[PDB]
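S.K.: Just passing along the structure, written as structure tokens.
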Amino acid sequence: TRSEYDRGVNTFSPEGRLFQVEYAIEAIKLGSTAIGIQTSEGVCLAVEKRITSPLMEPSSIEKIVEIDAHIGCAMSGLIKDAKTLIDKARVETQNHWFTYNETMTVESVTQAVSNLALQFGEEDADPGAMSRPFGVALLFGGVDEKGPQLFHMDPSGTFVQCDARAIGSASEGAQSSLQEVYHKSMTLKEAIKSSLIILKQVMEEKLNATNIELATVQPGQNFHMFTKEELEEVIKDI
Amino acid sequence: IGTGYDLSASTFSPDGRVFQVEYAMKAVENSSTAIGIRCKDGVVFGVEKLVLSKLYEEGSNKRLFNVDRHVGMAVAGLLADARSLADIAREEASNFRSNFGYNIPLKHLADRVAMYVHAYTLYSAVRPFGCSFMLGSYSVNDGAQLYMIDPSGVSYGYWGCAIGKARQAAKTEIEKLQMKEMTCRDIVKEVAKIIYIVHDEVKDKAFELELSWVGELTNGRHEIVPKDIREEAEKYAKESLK
Amino acid sequence: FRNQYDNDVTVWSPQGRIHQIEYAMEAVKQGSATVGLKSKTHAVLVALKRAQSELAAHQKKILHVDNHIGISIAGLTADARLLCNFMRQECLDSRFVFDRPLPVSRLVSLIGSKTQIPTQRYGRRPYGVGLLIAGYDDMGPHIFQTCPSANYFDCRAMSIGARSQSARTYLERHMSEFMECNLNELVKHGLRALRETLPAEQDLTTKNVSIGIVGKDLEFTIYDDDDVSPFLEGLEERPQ
Amino acid sequence: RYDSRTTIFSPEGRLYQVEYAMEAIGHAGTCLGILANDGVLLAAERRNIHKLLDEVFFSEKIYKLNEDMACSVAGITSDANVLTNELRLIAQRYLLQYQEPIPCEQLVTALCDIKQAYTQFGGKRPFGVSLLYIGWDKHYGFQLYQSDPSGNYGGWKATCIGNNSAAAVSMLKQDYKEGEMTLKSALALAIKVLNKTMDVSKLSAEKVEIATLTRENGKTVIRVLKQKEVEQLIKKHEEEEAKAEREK
Amino acid sequence: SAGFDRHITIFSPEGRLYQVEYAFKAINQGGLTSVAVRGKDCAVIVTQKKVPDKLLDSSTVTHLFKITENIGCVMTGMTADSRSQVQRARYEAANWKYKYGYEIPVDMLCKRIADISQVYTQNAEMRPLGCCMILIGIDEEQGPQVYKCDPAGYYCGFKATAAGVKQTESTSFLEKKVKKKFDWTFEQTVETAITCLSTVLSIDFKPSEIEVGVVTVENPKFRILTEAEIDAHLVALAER
Amino acid sequence: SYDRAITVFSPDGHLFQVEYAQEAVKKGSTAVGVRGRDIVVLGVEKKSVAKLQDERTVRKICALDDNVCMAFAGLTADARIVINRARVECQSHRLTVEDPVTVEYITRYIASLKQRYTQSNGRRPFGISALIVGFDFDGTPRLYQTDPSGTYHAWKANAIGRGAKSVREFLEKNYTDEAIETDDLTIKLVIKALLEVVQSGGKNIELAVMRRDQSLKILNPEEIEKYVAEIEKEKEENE
Amino acid sequence: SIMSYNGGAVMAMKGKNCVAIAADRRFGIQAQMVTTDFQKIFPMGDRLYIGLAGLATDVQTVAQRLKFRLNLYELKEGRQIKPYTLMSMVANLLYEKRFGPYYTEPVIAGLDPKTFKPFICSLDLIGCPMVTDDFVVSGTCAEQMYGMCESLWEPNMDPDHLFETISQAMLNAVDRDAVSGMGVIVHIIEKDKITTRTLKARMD
Amino acid sequence: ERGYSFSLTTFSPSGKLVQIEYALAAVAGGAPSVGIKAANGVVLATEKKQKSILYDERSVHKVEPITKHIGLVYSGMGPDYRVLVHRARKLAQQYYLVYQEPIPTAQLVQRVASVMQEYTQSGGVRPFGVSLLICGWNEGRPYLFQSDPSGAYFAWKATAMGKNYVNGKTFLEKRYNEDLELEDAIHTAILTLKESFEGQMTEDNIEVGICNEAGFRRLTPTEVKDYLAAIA
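Protein chains in written order, with my numbering: chain A, 145 to 382; chain S, 6 to 247; chain H, 42 to 281; chain G, 70 to 317; chain B, 121 to 360; chain F, 43 to 281; chain C, -19 to 184; chain U, 17 to 248.
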């Protein structure tokens, strides 16, 4: 009889599981597929748009956003949940650029965001905060003093450094494909080609310019989201 | 069985009893056994501690605390509960010293701690402290007192009492001991043999005995039995337990 | 349902148990194993790192809180992390107000006091994280294991987590050397313990193990694949 | 089911507690008001006058709020009193802040906001009171607004709320000539509506509670019809009904 | 019909507060009994004592206490609720003395503490302290008073009152004695109390099993009748 | 089960209270807004007042600021509350930064308000969807839809309420670049979309047009008959 | 010198079955002159009027909060406020801010609603209630009006005689001070008529 | 209908709050009390009968004064009545302090109604199981009011609630006349107590208070005995 423990996050299963947190985890699969890959030359983030109507403004739907010029993001889950998460992340990065006047590392970015996360069952919510686990899985990538770095965040608050992680509806299959398609010496161009290959194999529709949002972060330049022409260039090869 | 009435501590029974404190009684009786005896010029304490794993160091989960310099702390029940109750009692004694400027009487400390443990018995958002603890002290101008306070909240005065799975058993074999006359030297022996006979060896084996006392023998100061007197008590036990 | 007595920590069973506390206790049995050993002047924490997938890094299980005191987590990431920030804040407050390191026994006592409040009061879920505490103070090394029942034990060793009974019985076989061992000897003993936890098909690789060592003059330092390399070079082969 | 606290949403989207607060007004006394060319009035039913009520009151269903604001109440007595007191507080707070009598629409919206806040959040039962505010303002002359326990409102020139409200309002809209009734014809229409909607062959003036609002000589006067006046009006309508039936 | 006996703040059909009656029945759960008798210028309180073993300290197990230097108290029920309620009563009496500069009359003390218990039973944040109270004292221009308070916050003065397991029979015996309209001198009041207890219990108790307190006009201090005087009184009753 | 709790994830990862509040909009009324080259239009189905309702106070279309407007679908009390809060926030934003509030800012504020109203128990979500329209400082036409889930999105021409799917498909089939060349073409499109669901025409439709900072005047019920004469004329013109 | 920061002059009078209240019309800062339409006398009813003396803005604030609370009371009770309740009410309104005192010394006057017995009252800055059977003044001209109303008033004074006495008293009293003056408004109220006037004194 | 008779913040699908009705049912089971408004004053009485004459009747009083001219009686719970008396005294004295004038009884009834309906606003706090009878004289007029656990308040020429209230109300409506005198009002009140007293009222078995132009005063036992003898 699980039913007595799913009601509420502050319950413990006979197997010691957090059923509310597990449901939040599974709620990630409701979101669109997001794939990020880490290479020596940088990190690239590929996502699916899942456009509901051609009359939609594609700029509104945001699967990848900028927390700071040196770092990038990817989302899978509730739009508003991730909106609060990203706003907090940007506020935190400016907090660091205020306190230490430096660019704060991506591992610390996911540290602070996970600090905002996993706070659902915390008494400090008296002013007002999450009474429910945050329902978005986060993909953080960028370049810091340790070179290019990509971190995947779990709505439970867990983070892990991942060379190539896939979140969203097709996380299992995309991860399985990335398992054999990834090599350590992969160049940025061939990595992005492989990422769009995985998206093509995974996405429910054909790949056009309005089906993919593409992002890149390299030590040289700042965060660049691929424009329409850059997206066409990177998709015409595939 | 009272179903529908024992989900909270603020709900009475058709017979008129809070089943939460009765379940705390049950938990205490399902816990370890601790005896204490008040001598002519002080009080002594004894804990039967089961070594659940030899991997545990000796002195782990120390159970004979000392709330104040002249007040000890023996307790049976939940170790987390024991530590929380000890901490609130220590804060109470420190507040008493800060506000009133002298040592806290054992009866007054027992009254304050019983009131506080009651304050966790009758609410709904909290749970009664499911642990029974001992209060012992020796004052040159007041005397010696002993008190047992269970999660029910009743702080009664016992000459020397026991709590645990051998409550009635320890009552039977502590009744035969004459108490009021001899001092700690002739009482530690009785405590040691009592603790070593109440414990069951076929089931729930692997126990060690730790002891503590307060009195003028250490200048009204609670401390564990000295290692020499400790091994002497163990030797009297092994001789007497034959 | 007769188990209506396990929906909150503030209700007792008819037999006098808090089944929610017991479920929290069993929760840390899910996490990966972690065993600690302590010498005359050195205490080691060795844990088995786990990864979500082989294409991603292994989950860190050894956490540094202060130069002299270190912790190892096994259980929920959220609760363990919160306990870690609480530990760091308290250790700093001790260094600021007393200029002396937080005693291991005192630190574990405040840990018990902090984690008892969720067990006693409605609201916060019980801290379901098994913590292995290894530090150094006046009477030398200490190993403290804080069970998620808001209880702690002074132990010569402990393995907490998945299949930790194998390491427990390994240490039960091998007390007789723990006290008199040096760094390398205790490290290899701990590695054999984890190898006992680990099944046949798997072995303690560089990415698989995490080692944390503290001592009288040596701070709580955690080693990684390249850092565990000299320590595993002295490691023997699995007796299979 | 979804009949728990008001902060719930039925799968079809309905707010069942708010729905019940709606239908609960059908148990309240019947009160109406209509908008005349140069006057506005409130007619209400005194459902409970058994034998021994002292009638130590100026009006029961009709409550005055301000030199320009008056309303009729329909709901639980406790929530009725609370709503009236909050109406007074808000109207006079606006007067103190702005040195002008509060516009009827503004005060109505203030009440509606409070009522919504009492069903929007907080786990508090919504005010089960439906109001009929009557008043004058220089912006729109004479205005009549029909409140709602849900927190909505509407500007109406003819509206009845209480028991047997549906039939009353149906016949009222059947027999309403907008823009061409004075105070006298409006009084006659209200009396006829009461005749048709109450459970009495001959309604007594005691069971009837009428207050009229009229602006004259630069000032707005709110008066409840005195017993002599209300009895004269009811007897006039009674002989008018007699005239109608003898002609028929 | 039923099912409304779960919350203190829930009105059952027919407007019956079940849980309050549940607390009143919990008063009896202590298993003891107590009676109070008042004379022209005296008020005697006597209560039974049950000792499971000699192992307890009889000097601390008293069931009657002293609120202020002239106001004494006796009560029964759950002993923890008993001591909490006497602590609250002493707090209230001290606050009254602080604020108003003169000793609390028995009627006002009962009224205030009954108001406290009413507030307890009116809001669902409190278990309504399931122990009944009997308060005694002397007041100028009115003489001795005996007042009773209950968990419901219902307070009333009594010429004679009772509580415990034998409430109804003790009250019937009290009525049988008071209908004879006799002056009830101090020794006579004490003996009526002892006879009531002995007959309703049918035990003819040894003098060591009863604690007695008395307040008189010549002795406004609440005097706990010591072993010597209770022996004198009740063995005199025996021979008388 | 998992439905009667605002902040409890279902086993399949749904906050069912949020989706029920979202569905509550579908029981409102059709409200379609289109943004043109220099104009933005709001077409809403008007409830035909029976005999006595004062149409002056049945406001379905309201302007938050002189540079933004909005139409709502859902419970009117919630819409009134959010209107008051959002216009108060527009004024406070002008207090803080002195420049006119951009449509993005006010839409983000509305979405955040709805979201903070749907993340804790004891607070029922705002069961209203609002179409935000207006021009920025540089006069760019932007239109936003806010969803009771607390999210917002940029729509070139969207419809909400009952029958919003039919209007959506109609706009998909008829929204062209040349259909917004002139103000009259945008008007023709919006009245066509309206009469798709409210086929009675004439009354039961309200329109509002915002040009490049004209402080929009709602089309008054003299040229709605004129504009529907134009619509019927073009309608018999292509057929 | 806080009184001199704006100044003012008010006086209240009663006669036989009638009341007369008079007030200054000047508004000006402690040194410079600005306007002459300041309202120190305020209608708390058909036959109730209150005169205020103190800081100009403090006067207006206390008048407005008084009107708010008085309309609240009138709506709560439905009856006309009987002037002794008004005097206690104004005393409370001033006193409830003892540690933050409004440096305003007001005055009231009226008649009993039932027996038509005139009543006047005086209030202090921190709110000391006071009632006189003859007269009361407040403002910057307290000494002169006090003295000459002591030397001029007679008991049981007829309504026309009441108007003449108040007019002469207020004019010849305001002739003796400068910060308060340049136009005085006189309000005589009787149970039958309310004749609102403004006596022609010097404009200087 | 059962799932809604458990909280004070949920509306029953058909009617209204059921906990209020249950509080009213608790009220109707209390001690009978009758109040009568005469031309020149008001009278309210109640029965103090209780078993175990050991009880001190003088110890507690069911009729208490709120100020020099306002008195009240109840029917239902005792401690809730005491709490209501305390709150009413505090409110009336606050009004006195603010206005320095004896509190009109209409405002007192309104304020006490507000305070008792406050307990009905939210869950976790039960409504008062007590109904109030308010007697008062002011502006040459005797006022009689009833205050409800629901916070409703209404006027009464003469009413009676508590046990057997329907029979008492029928008796009153078959007895009361608008030109009743104070002494005859007391006679009618004692007769109303009698027709369902069940056990031969004594001087102390009942408790009656009276209010008039000279304020409110609870009748002393001697006058109660005299009136009981006069009625016989």
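C-beta atoms are modelled at their ideal positions from N, C-alpha and C, and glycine is treated no differently.
Using alpha carbons as the reference points, say which of C/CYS(-2), C/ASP17 and C/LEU35 lies closest to C/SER(-19).
M.R.: It is C/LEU35 whose Cα lies nearest to the Cα of C/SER(-19).
S.K.: Quick one: complete alpha helix (DSSP H) runs, 4+ long, within the region -4 to 75 of chain C?
M.R.: Segments of the alpha helix (DSSP H) lying fully in the region -4 to 75 of chain C: 36 to 57 and 63 to 75.
S.K.: Please state the DSSP three-state secondary structure of S/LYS54.
M.R.: If DSSP states are grouped into helix, strand and coil, S/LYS54 belongs with the strands.
S.K.: Count the other CB atoms within 10 Å of the CB of G/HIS208; is the residue buried (16 or more) or exposed (fewer)?
M.R.: Classification of G/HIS208: exposed, given that the 10 Å Cβ count is below 16.
S.K.: Around the Cβ of B/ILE323, are there at least 16 other Cβ atoms within 10 angstroms (buried) or fewer (exposed)?
M.R.: By the 10 Å Cβ count, B/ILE323 comes out exposed.
S.K.: Among U/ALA39, U/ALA201, U/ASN228 and U/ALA171, which one has its Cα closest to the Cα of U/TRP153?
M.R.: Nearest C-alpha to U/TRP153: U/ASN228.
S.K.: Quick one: Cα of U/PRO29 to Cα of B/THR129, how far?
M.R.: Rounded to whole angstroms, U/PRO29 to B/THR129 spans 22 Å at the Cα level.
S.K.: Give the secondary structure of C/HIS167 by DSSP, where H, G and I count as helix, E and B as strand, and everything else as coil.
M.R.: Three-state DSSP puts C/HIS167 in a strand.
S.K.: Return helix, strand or coil for A/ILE205, following the three-state DSSP convention.
M.R.: It is coil, neither helix nor strand.
S.K.: Would the region 187 to 207 of chain S and the region 231 to 239 of chain B be scored as touching if the rule is three or more Cβ pairs under 8 Å?
M.R.: No contact exists between the region 187 to 207 of chain S and the region 231 to 239 of chain B.
S.K.: If we count Cβ pairs, one from each stretch, closer than 8 Å, do we get three or more for the region 196 to 216 of chain G versus the region 225 to 237 of chain G?
M.R.: Short answer: they touch.
S.K.: Thinking C-alpha only, which one of U/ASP220, U/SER212, U/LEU198 and U/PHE213 is nearest U/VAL59?
M.R.: When only C-alpha atoms are compared, the closest one is U/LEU198.
S.K.: What distance in whole Å lies between the Cβ atoms of A/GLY175 and A/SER321, which are believed to be in contact at a cut-off of 8 Å?
M.R.: A/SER321 to A/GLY175, Cβ: 18 Å. No contact.
S.K.: Check whether the region 201 to 221 of chain A and the region 162 to 176 of chain A touch, using three or more Cβ-Cβ pairs below 8 Å as the test.
M.R.: Output reads yes: the region 162 to 176 of chain A touches the region 201 to 221 of chain A.
S.K.: Anything in the region 122 to 139 of chain G with a Cβ closer than 8 Å to a Cβ of chain C? List those residues in chain order, please.
M.R.: Going along the region 122 to 139 of chain G in chain order, one finds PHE127, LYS133, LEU134, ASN135 and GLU136 with a Cβ nearer than 8 Å to chain C.
S.K.: How about U/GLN126: is its C-beta nearer than 9 Å to some C-beta of chain C?
M.R.: Closer than 9 Å: yes.
S.K.: Determine whether the Cβ of B/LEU294 lies closer than 9 Å to any Cβ atom of chain U.
M.R.: At least one chain U Cβ lies under 9 Å of B/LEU294.
S.K.: Give me, in chain order, the residues of the same chain whose beta-carbon lies closer than 6 Å to that of H/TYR193; leave out the 5 immediate sequence neighbours on both sides.
M.R.: Cβ within range, chain order: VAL149, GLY153, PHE185 and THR187.
S.K.: I'd like the ranges of any beta strand (DSSP E) spanning at least 3 consecutive residues and lying wholly in the region 175 to 228 of chain B.
M.R.: Segments of the beta strand (DSSP E) lying fully in the region 175 to 228 of chain B: 184 to 188 and 191 to 197.
S.K.: Throw me the rounded Cβ distance for the B/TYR274 and U/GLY94 pair, which I believe falls under 8 Å.
M.R.: Sure, about 5 Å apart at Cβ, within 8 Å.
S.K.: Residues in the same chain with beta-carbon distance under 8 Å from C/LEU50, minus the five sequence neighbours each way, listed in chain order, please.
M.R.: Contacts found: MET24, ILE61, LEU66 and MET69.
S.K.: Can we count G/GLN243 as close to the ligand NAD, meaning its CB is less than 8 Å from some heavy atom?
M.R.: With respect to the ligand NAD, the structure offers nothing, as it holds no ligand at all.
S.K.: Which residues share a DSSP beta bridge with S/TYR161?
M.R.: The partner list for S/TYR161 (beta bridge, DSSP) reads S/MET153.
S.K.: Which residues, taken in chain order from the region 184 to 204 of chain A, show a beta carbon closer than 8 Å to some beta carbon of chain F?
M.R.: From the region 184 to 204 of chain A, only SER197, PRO198, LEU199, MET200, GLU201, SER203 and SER204 have a Cβ closer than 8 Å to chain F.
S.K.: What residues of chain G sit near C/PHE48, judged by a beta carbon separation below 8 Å?
M.R.: Those within 8 Å of C/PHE48 in chain G are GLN161, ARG162, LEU164 and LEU165.
S.K.: Taking the beta strand (DSSP E) that U/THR62 belongs to, which residues open and close that run?
M.R.: Counting along the chain, the beta strand (DSSP E) containing U/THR62 begins and ends at 58 to 63.
S.K.: With C/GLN148 as the anchor, note down where its alpha helix (DSSP H) starts and where it stops.
M.R.: It spans 139 to 154 - the alpha helix (DSSP H) in which C/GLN148 sits, taken as one unbroken run.
S.K.: On the DSSP bridge list, what partners appear for B/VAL334?
M.R.: The partner list for B/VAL334 (beta bridge, DSSP) reads B/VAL164 and B/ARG343.
S.K.: Using CA atoms only, rank isn't needed, just tell me which of H/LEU96, H/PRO144 and H/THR75 is closest to H/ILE110.
M.R.: When only C-alpha atoms are compared, the closest one is H/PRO144.
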